[PDB]
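*Asks:* What follows is a structure written as structure tokens; I'll ask about it next.
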Amino acid sequence: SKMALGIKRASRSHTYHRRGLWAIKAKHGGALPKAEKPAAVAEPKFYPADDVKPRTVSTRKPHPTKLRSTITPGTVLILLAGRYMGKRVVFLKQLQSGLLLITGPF
Amino acid sequence: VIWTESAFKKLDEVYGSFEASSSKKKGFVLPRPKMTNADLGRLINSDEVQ
Amino acid sequence: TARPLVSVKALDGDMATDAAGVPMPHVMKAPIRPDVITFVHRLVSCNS
Amino acid sequence: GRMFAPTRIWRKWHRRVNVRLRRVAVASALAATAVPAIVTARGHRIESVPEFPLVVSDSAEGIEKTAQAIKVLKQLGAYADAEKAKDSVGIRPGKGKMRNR
Amino acid sequence: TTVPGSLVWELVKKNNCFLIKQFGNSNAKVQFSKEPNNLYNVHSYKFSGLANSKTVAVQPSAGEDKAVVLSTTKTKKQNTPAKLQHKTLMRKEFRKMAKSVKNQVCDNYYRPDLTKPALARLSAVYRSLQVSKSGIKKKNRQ
Amino acid sequence: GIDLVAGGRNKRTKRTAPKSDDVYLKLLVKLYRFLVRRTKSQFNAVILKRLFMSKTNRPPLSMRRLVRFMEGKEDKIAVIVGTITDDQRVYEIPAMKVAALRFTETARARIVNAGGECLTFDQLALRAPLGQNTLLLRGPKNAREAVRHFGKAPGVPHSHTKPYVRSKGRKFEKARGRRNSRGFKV
Amino acid sequence: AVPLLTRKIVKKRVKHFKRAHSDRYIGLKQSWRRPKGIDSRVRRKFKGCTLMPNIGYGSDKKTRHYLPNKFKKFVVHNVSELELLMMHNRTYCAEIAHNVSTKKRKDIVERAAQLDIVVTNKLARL
RNA sequence: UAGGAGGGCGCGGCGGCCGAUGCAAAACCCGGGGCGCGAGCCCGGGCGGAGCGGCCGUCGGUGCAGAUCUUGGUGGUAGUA
RNA sequence: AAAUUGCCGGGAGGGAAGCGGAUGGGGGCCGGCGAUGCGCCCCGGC
Ligand SMILES: [Mg+2]
Ligand SMILES: [Mg+2]
Ligand SMILES: [Mg+2]
Ligand SMILES: [Mg+2]
Ligand SMILES: [Mg+2]
Ligand SMILES: [Mg+2]
Ligand SMILES: [Mg+2]
Ligand SMILES: [Mg+2]
Ligand SMILES: [Mg+2]
Ligand SMILES: [Mg+2]
Ligand SMILES: [Mg+2]
């Protein structure tokens, strides 16, 4: 259902819901809030010759890696590279970075 | 060029002006340019053009 | 009836005078013309 | 042997320019000097010269010696330029340094 | 500049005594102009110290420490070369000095063109003076 | 591959900038690049494309013909991208306002003493940036003496081309091919 | 002293364009000359013969004329011609001219180290 | 291909501009590092021991692989007939 | 200077050598060949 998901996500109304513009019509009365002018530091320590460009605090929020269909907490894996190749381990749980977490047990 | 006053006060008696027979040199009037005022600033930024 | 006035410089050991600026010549206001100057200088220099 | 097409004395050593075109050129040579920006861009050291186009009194006409001439150029701002001319002197590189140049 | 800025540009764009061009007239050509009253020492009509009425020069000074000269041309005194340049020798701290350069370059509408470049040359000049005083402590390659 | 003559790229050629390296005329070129770009006035486009000319595409236009072309149209400003040369074969000339690249000091004296106005193109671009009330004139192109010697051949029938002869006379291209009594009549 | 360049330099060809037949003869230099022959299989471009330069072998315009330093070079003869690189040292690299004394190179390199201008000849002649 | 045109590289001067040079110039050599699609250019090392460049303009006895090309030198031939 | 030759060190060779495009193995070579700094913050003086 990749493309049905594409449309269902792509609806204008469903984008209103997803961005949650209600509860943004809640806080600032009956309207969408204004925005203001940050960055009033006014204290540059040094002036580069090249046209300046600031650090990228990356706003893109990538998807999580999809754990394979044939992986279940409790599945006996087969390691394939590194010092434990051939070793059979038991999969504990696919952790928050995306990598699998396994145990021998030792 | 460093002019003395005597020379500088007879430049115009040598070269003349935009007038026939002004000069000491026959058959010559000062060349006139192809623009009276070549300040593209005031051209491109004056009221009429802008 | 108004042209710029070029101030003269006297020297040390100069008599005081009630003099004014020398009015600017027109040949000092003629067009500046580099293609003609390089043409004519190329041909005038061949002549010696 | 020879050289190919040996040069001959009847090449066109002198060229002619219209007398009015010489006059145009010399007028536009004058008209460009009255500009400090082009006098500078042409290479002269003009940073203490008082005013352009620079003029001195006629009492300059009466001097005799070059000590006096340098004394005169001190008042004006051009002795820096004379100094540039005098310290730049050198031997002309190439086959020029043997042909009386 | 009796004749206007544009005409002096069109007259000196191709050979001027302050221009250093190398590597030939090909695509390799490198062009810098080295007059004092040019900021990036780029040879172009924006920056040029000869093709302009209004130019801002920022130089590390003659024998003396931490003193930066900021000079601006006077628009009206063009035909009086000795009296064409308004120079001020500021030895204050960096922030005060930069406030002064904004005052003299941007906030008086003298020439907002060079609001950024003049402060960039101010940065580079001021640190050049610092290091001429202390020596190399950082390598600044990272 | 693909079927094109010269890869489809334009084989005609026009001036896109004057060969003349005259500083004032490059400045005019700049000014009219700006006017044509921001202004959309076809008149300024024409002034542009005519600054990008030779001198034999810009023949002089004389007072006699200029007065012919401005009898009774003196709220309109004449614009000749070329030269204006006077004419002693004219006696009364209207007080007339004209813009042109050059004025011979006799033509300009003639016009000024007629009481008109003698413009250059920088003055014109102020009071007619779009070409309001303007009268765009060219000179006679095929009037040059060299233009006679062009066309079909001097000696093919039904052609009146001038031949290149080092002197007019009886002995210079009059005998065979110029009369039935010697051979044939061209 | 840190490069402005943010674009990897890829070259479409590193090997030189030597003159065809410079190998068999000694009098023929290595500097390319286009074969103008009528039966020259180099000019007729048979596969297997020394390739000629085209324009297609051009390098990218923003990554042109950068040394592996990732700076465009500029040859300086003296400190005056060096001090014009203060506001370019993130894209230009000063090289001292090959015929300067070491007394003047010490001055150039002294000044460059403080103005923070990258140089490739600060260990030349010492 | 023949042929044409445009933009460039290079050589030797001349008028100007910017400089380098006994702390080592010119020239020449290198398995040295580069830049350019390319003519070429920049730097390092060495020998060398006195002059040389780069830019704009301008010019000319200016670019070599051939001509049973000119001159000079040197090979294999050959320690052979 | 070059063609040409000698010695010294290395490389390879079943009736040519040389050249072009791939990398692989040898050498010779490059430290601008490749970094160690940025902000905050606490003194202790400058
Ligand atoms: Mg002889
Ligand atoms: Mg195709
Ligand atoms: Mg007939
Ligand atoms: Mg054939
Ligand atoms: Mg010859
Ligand atoms: Mg000669
Ligand atoms: Mg030969
Ligand atoms: Mg040898
Ligand atoms: Mg051996
Ligand atoms: Mg091979
Ligand atoms: Mg290899």
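Letters for chains follow the order of the structure tokens (A, B, ...), residue numbers begin at 1 for each chain, and ligand numbers begin at 1 in the order shown.
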Around ligand 9, out to 12 Å and counting only C-alpha atoms (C1' of nucleotides) and all ligand atoms, which residues are there? I want them as a list in words.

*Replies:*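 Every residue with an atom at most 12 Å from ligand 9 is listed here: residues 7, 8, 9, 10, 11 and 12 of chain I.
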
*Asks:* Taking only C-alpha atoms (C1' of nucleotides) and all ligand atoms into account, which residues have an atom no farther than 9 Å from ligand 4? I'd like them as a list in words.

*Replies:*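 If we count only C-alpha atoms (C1' of nucleotides) and all ligand atoms, the neighbours of ligand 4 turn out to be residues 38, 39 and 40 of chain G; 1 of chain H.
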
*Asks:* Tell me which protein, DNA and RNA residues are within 8 Å of residue C:30, counting only C-alpha atoms (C1' of nucleotides), leaving out same-chain ones fewer than 5 positions away, and put them as a CSV table (one decimal) with N, CA and C atoms, in the first residue's frame.

*Replies:*
```csv
chain,number,residue,atom,x,y,z
B,30,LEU,N,37.1,72.3,-31.2
B,30,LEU,CA,37.3,71.2,-30.3
B,30,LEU,C,36.3,70.1,-30.6
B,31,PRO,N,36.8,68.9,-30.5
B,31,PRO,CA,35.8,67.8,-30.8
B,31,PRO,C,34.7,67.8,-29.9
B,32,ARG,N,33.5,67.5,-30.4
B,32,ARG,CA,32.5,67.4,-29.4
B,32,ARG,C,32.1,65.9,-29.1
B,33,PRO,N,31.8,65.5,-27.9
B,33,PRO,CA,31.7,64.1,-27.6
B,33,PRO,C,30.4,63.5,-28.1
D,27,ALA,N,44.3,67.3,-28.3
D,27,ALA,CA,43.2,67.8,-27.4
D,27,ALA,C,42.8,66.8,-26.5
D,28,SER,N,42.5,65.5,-26.9
D,28,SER,CA,42.1,64.5,-26.0
D,28,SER,C,43.2,64.0,-25.1
D,31,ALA,N,42.9,66.8,-22.4
D,31,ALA,CA,41.7,66.7,-21.6
D,31,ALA,C,41.7,65.5,-20.6
```

*Asks:* Please provide as a PyMOL selection string all residues within 10 Å of residue I:35, with the sequence filter that same-chain residues fewer than 2 positions apart are discarded (counting only C-alpha atoms (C1' of nucleotides)).

*Replies:* (chain E and resi 139-142) or (chain I and resi 37)

*Asks:* For the residues selected in the previous step, produce a file with N, CA and C atoms (P, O5', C5', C4', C3', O3' and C1' of nucleotides) as a PDB file, in the first residue's frame.

*Replies:*
```
ATOM      1  N   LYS E 139      47.417  27.630  14.027  1.00  0.00           N
ATOM      2  CA  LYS E 139      47.700  27.382  12.620  1.00  0.00           C
ATOM      3  C   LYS E 139      46.485  27.572  11.730  1.00  0.00           C
ATOM      4  N   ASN E 140      45.282  27.482  12.289  1.00  0.00           N
ATOM      5  CA  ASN E 140      44.058  27.814  11.572  1.00  0.00           C
ATOM      6  C   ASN E 140      43.961  27.038  10.265  1.00  0.00           C
ATOM      7  N   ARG E 141      44.257  25.748  10.319  1.00  0.00           N
ATOM      8  CA  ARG E 141      44.021  24.911   9.156  1.00  0.00           C
ATOM      9  C   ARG E 141      42.758  24.080   9.284  1.00  0.00           C
ATOM     10  N   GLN E 142      42.305  23.827  10.503  1.00  0.00           N
ATOM     11  CA  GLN E 142      41.048  23.129  10.729  1.00  0.00           C
ATOM     12  C   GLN E 142      39.882  24.069  10.490  1.00  0.00           C
TER      13      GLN E 142
ATOM     14  P     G I  37      45.308  23.572  18.359  1.00  0.00           P
ATOM     15  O5'   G I  37      44.299  24.804  18.387  1.00  0.00           O
ATOM     16  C5'   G I  37      44.117  25.607  17.235  1.00  0.00           C
ATOM     17  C4'   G I  37      42.705  25.551  16.696  1.00  0.00           C
ATOM     18  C3'   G I  37      41.625  26.200  17.528  1.00  0.00           C
ATOM     19  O3'   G I  37      41.633  27.605  17.423  1.00  0.00           O
ATOM     20  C1'   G I  37      40.831  24.160  16.644  1.00  0.00           C
TER      21        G I  37
END
```

*Asks:* Define the interface residues of chain D facing chain E as those within 6 Å, counting only C-alpha atoms, and report them as an MDAnalysis selection string.

*Replies:* chainID D and resid 35 37 41:43 47:52

*Asks:* Go ahead and save the picked residues with C-alpha atoms, as a PDB file, in the first residue's frame.

*Replies:*
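So the final result, stored in again_38.pdb, reads:
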```pdb
ATOM      1  CA  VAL D  35      41.826  64.175 -14.264  1.00  0.00           C
ATOM      2  CA  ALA D  37      42.198  59.567 -11.475  1.00  0.00           C
ATOM      3  CA  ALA D  41      46.100  55.216 -13.150  1.00  0.00           C
ATOM      4  CA  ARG D  42      48.822  56.061 -15.648  1.00  0.00           C
ATOM      5  CA  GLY D  43      51.309  55.463 -12.831  1.00  0.00           C
ATOM      6  CA  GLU D  47      49.322  61.971  -3.311  1.00  0.00           C
ATOM      7  CA  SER D  48      50.675  65.288  -2.028  1.00  0.00           C
ATOM      8  CA  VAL D  49      50.001  67.379  -5.129  1.00  0.00           C
ATOM      9  CA  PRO D  50      47.758  70.239  -4.018  1.00  0.00           C
ATOM     10  CA  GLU D  51      45.266  70.639  -6.865  1.00  0.00           C
ATOM     11  CA  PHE D  52      44.575  69.565 -10.424  1.00  0.00           C
TER      12      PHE D  52
END
```

*Asks:* Which neighbours of residue I:21 fall inside 10 Å, counting only C-alpha atoms (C1' of nucleotides), when residues of the same chain fewer than 2 positions from it are skipped, and could you give them as a list in words?

*Replies:*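 Here the qualifying residues turn out to be residues 47, 48 and 49 of chain G.
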
*Asks:* Can you spit out the residues from that selection as a PDB file, in the first residue's frame, using C-alpha atoms?

*Replies:*
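part.pdb, freshly written:
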```pdb
ATOM      1  CA  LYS G  47      40.905   2.956 -32.091  1.00  0.00           C
ATOM      2  CA  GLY G  48      44.362   2.146 -30.794  1.00  0.00           C
ATOM      3  CA  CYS G  49      46.130   5.411 -31.671  1.00  0.00           C
TER       4      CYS G  49
END
```

*Asks:* List all protein, DNA and RNA residues that have any atom at most 10 Å from ligand 1, counting only C-alpha atoms (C1' of nucleotides) and all ligand atoms, and write the list as a PyMOL selection string.

*Replies:* chain D and resi 1-3

*Asks:* Please give the complete set of residues from stretch 1-109 of chain E that DSSP, run on the backbone, assigns to strand (DSSP E), formatted as a VMD selection string.

*Replies:* chain E and resid 19 to 22 30 to 33 56 to 60 68 to 73 85 to 90
